[PDB]
Amino acid sequence: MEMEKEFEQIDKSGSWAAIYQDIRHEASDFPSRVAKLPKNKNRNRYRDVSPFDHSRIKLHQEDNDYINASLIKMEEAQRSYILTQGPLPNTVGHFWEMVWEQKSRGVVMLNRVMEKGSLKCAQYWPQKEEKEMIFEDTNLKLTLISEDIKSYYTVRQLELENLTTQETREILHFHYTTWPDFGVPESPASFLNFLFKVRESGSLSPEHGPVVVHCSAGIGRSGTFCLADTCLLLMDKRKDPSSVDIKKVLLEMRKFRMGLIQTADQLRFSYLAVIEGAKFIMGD
């Protein structure tokens, strides 16, 4: 069924809450035993958001290999993503260790450091060229190279140096700065423009490791980003684009991380973004 008609049908009948609860009921349940070990309590932001054991990213250290992060591997679309929580005061070094070890080119951030008057993640990158950051627990150095501030997003060039080997790499930071404190955006236009800027950079392409994408918990806004990207690519690749079923794609992604898409409003917004984005994919 053409999602655009499915959309109007759900909208006229006002059944978004019912559709969304169906997804919650059918979603996969896999173990997350490592996340729940006592030694990892200060590595999790939220008690009820954990990576599954089978898909969690492992840090390359013998001490403790745990980070709250998951690999979402989309086989038909030929895209992979790492979804993670916003870094905590005690996990900023782990976060950049994972970026290094997984050979990522881009980091996508969908929240502000403070929202609703509370801290939603650590200030984990440098704000001035001449004030670099050193993460002593993981032996990394991070320097701000340049910053481009636009009305709806900011893009930063960063240098990450492995101090053990003195290798350096350029990392691109894509920061969507205008998601509202409550609810979802009224139009998907600026979110789609942002997605296309990330694509254009190479950060989603198979010559690099998976993009790292986060918000506060790494499931709501972060799930909207990867869901929209994968659905648009499938519409490009298939003979019949109307065969792409956004609920089926979301359930496939939920095999790899729990809770993706947190509200019925986020589900509706994801439909809207794909419907409007397709009017470029099909050739306009």
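Just so it is clear, the values below take in all heavy atoms, side chains as well, and ignore hydrogens, waters and symmetry mates. Numbering starts at 1 and runs along the sequence shown.
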Atom CZ of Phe135 with >12 non-hydrogen neighbours under 6.0 angstrom: yes
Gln102 side chain to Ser104 side chain, donor-acceptor N/O pair below 3.5 angstrom: no
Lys/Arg N to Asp/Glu carboxylate O, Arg238 vs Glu76, below 4.0 Å: yes
Greater than 12 external heavy atoms within 6.0 Å of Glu186's CD: no
Ion pair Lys58/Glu97, N-O distance below 4.0 Å: no
Test log, rule side chain to side chain contact (heavy atoms under 4.5 Å, CB included), inputs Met109 and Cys121: CA-CA 10 Å; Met109 164 178 188; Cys121 81; 3.8 Å; yes
Pair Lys141 + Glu136: basic N to acidic O under 4.0 Å: no
Among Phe225, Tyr124, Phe174, ring-ring contact (aromatic ring centres under 6.0 Å, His included) partner for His214: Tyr124
Close aromatic pair by centroid cut-off 6.0 Å: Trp179 and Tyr153: no
Interatomic spacing from CG in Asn44 to OH in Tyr66 - rounded to 0.5 Å: 3.5 Å
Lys247 bridged to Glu6 by N-O distance under 4.0 Å: yes
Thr230 versus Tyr81, side-chain donor and acceptor atoms under 3.5 Å: yes
Short side-chain donor-acceptor distance under 3.5 Å, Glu161 and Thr168: no
Sidechain N-carboxylate O distance under 4.0 Å for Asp148, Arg156: no
Aromatic ring proximity, centroids under 6.0 angstrom, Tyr176 and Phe191: yes
Whether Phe280 and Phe196 hold their rings parallel, tilted or perpendicular, with breakpoints at 30° and 60°: tilted
Check ion pair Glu252-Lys255 (N to O, under 4.0 angstrom): yes
Within 6.0 angstrom of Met282 CE, more than 12 heavy atoms from elsewhere: no
Six-ring centre of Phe182, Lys116 cation under 6.0 angstrom, axis tolerance 45°: yes
Euclidean distance, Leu71 CG relative to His54 NE2, rounded to 0.5 Å: 10.0 Å
Pair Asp11-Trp16, side-chain donor/acceptor within less than 3.5 Å: yes
Crowding at CD, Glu207 (>12 non-hydrogen neighbours, <6.0 Å): yes
Pairwise distance CG(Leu232) to CD(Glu276) - rounded to 0.5 angstrom: 11.0 Å
Heavy-atom side-chain proximity of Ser55 to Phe30 below 4.5 angstrom: no
Euclidean distance, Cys231 SG relative to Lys248 NZ, rounded to 0.5 Å: 12.0 Å
Derivation and outcome, side chain to side chain contact (heavy atoms under 4.5 Å, CB included), residues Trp125 and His175: CA-CA 12 Å; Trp125 72 94; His175 188 182; 4.1 Å; yes
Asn139 side chain to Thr164 side chain, donor-acceptor N/O pair below 3.5 angstrom: yes
Donor on one side chain, acceptor on other, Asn40 and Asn64, under 3.5 Å: yes
Point-to-point distance, once rounded to the nearest 0.5 Å, from OG of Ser270 to CG of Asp265: 10.0 Å
Proximity of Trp100 and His60 rings by center, below 6.0 Å: no
